[PDB]
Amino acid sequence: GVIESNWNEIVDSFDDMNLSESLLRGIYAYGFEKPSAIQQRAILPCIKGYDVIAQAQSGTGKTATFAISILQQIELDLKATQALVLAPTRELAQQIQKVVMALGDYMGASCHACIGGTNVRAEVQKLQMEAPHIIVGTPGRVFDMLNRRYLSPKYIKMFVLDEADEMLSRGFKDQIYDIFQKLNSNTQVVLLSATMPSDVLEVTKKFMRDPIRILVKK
């Protein structure tokens, strides 16, 4: 499916987005000059705390979009997890972790990937030590970390579902809904997907209030 935009305000410069100086320094150091189409439309509503549905393809700069929005909202001196990002695969979770860490390098933001597998015991030990500002992971592993009390939902105020169509195709619906039940019902939710079938749209109905809708056409 394809959504209908209800938001088409353009901010054509990162300098006009009221971002923190250290975050702006990270954006330019990453290689960005001018915001991409999705960045021009989605960063501002995301930072302002609205629920957002974004339909956008690969290669659009959509990863940096939600990473910038999360990093702008983090309270850096609160040593607790404040944002949770779900991805369908370990590779995308790791891609996101590295985007976030690069964009946040001048800020001292921390981001851990929760993916399990080869090095899972180092993953869980790092959590007992200090709670990272941002967690990104696949839904089964993240749900397990919440259920086992390694991750606290107490300070999680942002919840991002990236590649939502693929997450549902891979069988993660139950875990996504169980995660959402664990989080404060006052969490902002942002959902990004290249396609918007009925199953993805029901997540938005269930999790979001009157969301901003942004379509970046291919």
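One rule holds for the numbers: they count along the sequence shown, beginning at 1.
When 130 to 138 is weighed against 84 to 92, 130 to 138 comes out higher, by mean CA B-factor as recorded in the entry.
Between the stretches 168 to 176 and 65 to 73, it is 168 to 176 that shows the larger average CA temperature factor. Highest C-alpha temperature factor among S36, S58, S193, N186 per the entry: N186. Per the PDB record, residue ranking by Cα B-factor puts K98 in the lowest third of the chain. Looking at the C-alpha B-factors along this chain, the one for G26 belongs to the lowest third. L161: CA B factor lies in the lowest third for its chain, per the PDB record. For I43, the recorded CA B-factor ranks within the lowest third of the chain. Only modelled residues enter the ranking. Per-chain ranking of the deposited C-alpha B factor places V216 in the middle third.
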